[PDB]
């Protein structure tokens, strides 16, 4: 039983739903932990496929900034390391996920919830979805392996505008630039998507798991290495002059 997610599994599909609609599905410390437990569970269950999606109008507003409790006794420094270790571990869960992993993007997405899409196997989006990684505005560096994946996926010219200059994309833009697999009209979104997924689940289980493994195994060591770099850099930025300023 989870406090920030709703996890179901049926028809060979495990469905992980973000469930803090009141906060636009902001990811707080607890949800970081719960999403890992959930993914650990889905990796071992009898699902063919695993899906992430958001409850309500938002996919996710990304990392919850109420995580500025700042209360740890060891002040910013302890907090920054702890967050960095947590972030590393969290991203690693996506790098290692052995079964097909699919994002059903119901609405706007932000931050870590967008950068992790670079590690998904497919990504289906409503037309009222948008994609935004404004790390620079907050005096921060990129994460979720996006420093590596996004230039390869989008081309460097297009990735820059999004990661460095913090541009916001529409779903059509994100689909054209290779983040998003396909876009559907919002009124028919859920229907068209789940139909498609129900079909995919009827395909030969081990062929799907093994196909992905052949695609992903050789790249995981690189991605882990990117993740580690990204998180050390970020731990610095969190201690920074500019980051502190920028958050306001």
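Numbering follows the first chain given and starts at 1.
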- [ ] Give yes or no for this: do at least a third of the other compared entries, each modelling residues before and after residue 32, lack coordinates for it?
- [x] no
Open item on the list: Does the comparison with other PDB entries of this protein show residue 186 lacking coordinates in a third or more of them, where both adjacent residues are built?
Closed with: no
- [ ] Can you let me know which of the two, 74 to 82 or 105 to 113, has the higher average C-alpha B-factor in the entry?
- [x] 74 to 82
Task: Mean C-alpha temperature factor, higher of 61 to 69 and 36 to 44 - done: 61 to 69
- [ ] Give the position of residue 8 by CA B-factor within its chain, expressed as the lowest, middle or highest third.
- [x] lowest
Open item on the list: Going by the CA temperature factor in the PDB record, which third of the chain does residue 145 belong to: lowest, middle or highest?
Closed with: lowest
TODO: Ordered by C-alpha B-factor within the chain, which third holds residue 224? Give me lowest, middle or highest, please.
DONE: lowest
Task: Modelled-residue ranking by C-alpha temperature factor, third containing residue 15 - done: lowest
Task: Third of chain Cα B-factors occupied by residue 50 - done: lowest
